[PDB]
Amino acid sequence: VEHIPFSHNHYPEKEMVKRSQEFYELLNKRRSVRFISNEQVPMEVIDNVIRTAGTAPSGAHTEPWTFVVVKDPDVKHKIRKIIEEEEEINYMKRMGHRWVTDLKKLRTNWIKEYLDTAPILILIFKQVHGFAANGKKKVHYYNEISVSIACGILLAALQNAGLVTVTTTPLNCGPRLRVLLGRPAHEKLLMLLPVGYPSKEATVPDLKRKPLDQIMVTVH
């Protein structure tokens, strides 16, 4: 493969500060929203939002991500049955006292109404390896990190397009959800995002983010 010159849009120092400031204020309004309206969302916003995720870097240019988008209420309800079943066992037994205590501030439990109400579910699967045209396995270097980076870009895109979601990681729901949606064995579910508008009764925990001097360290 050939190498080509890199073409860049140069911004004046003042334009950069402004764009960077606005983008921060924009994304800082993003909250994980666990209460989602059933009102339909324009499918072109979803398409672009996933196109964008696919612009993520990936280890050795492997693109090890599958974004499975579920619209069908029937399928969605089967997903809800599975996750609620496993989460109940997760809260009652598998996560442990410490974890369950650490979640009190979020008031979450194994009841997940948004899996039904949200018009759209995005299930993100990592490809723990891939296949070339000849059918031999190609290695997916840092696939979990690559897909997660892509999930970050997906989250920014949803915020930018004015939709809401919550990044969820349903423990022990992977194999079952994989089988239900007909995904191949080399795919493993990494996380699930319900996407839509906030329902009228939406709340969030009153969480505070660290001040800059607590996430950033400058060295001299």
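Note that residue numbering follows the sequence shown and begins at 1.
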| query | finding |
| --- | --- |
| Higher-scoring stretch by recorded Cα B factor average, 76-84 or 139-147 | 76-84 |
| Given 191-199 and 66-74, the range whose Cα B-factors average higher in the PDB entry | 66-74 |
| Highest-ranked of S58, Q40, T168, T52 once sorted by CA temperature factor in the record | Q40 |
| Residue of maximum C-alpha B factor among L115, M92, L103, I122, per deposited coordinates | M92 |
| Among modelled residues of the same chain, the CA temperature factor third for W99 | middle |
| Relative C-alpha B-factor of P205, binned into the chain's lowest, middle or highest third | lowest |
| Position of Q127 among the chain's modelled residues by C-alpha B-factor, lowest, middle or highest third | middle |
| Within-chain third of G174 by Cα B-factor, per the entry | lowest |
| CA B-factor placement of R31, once the chain's modelled residues are sorted into thirds | lowest |
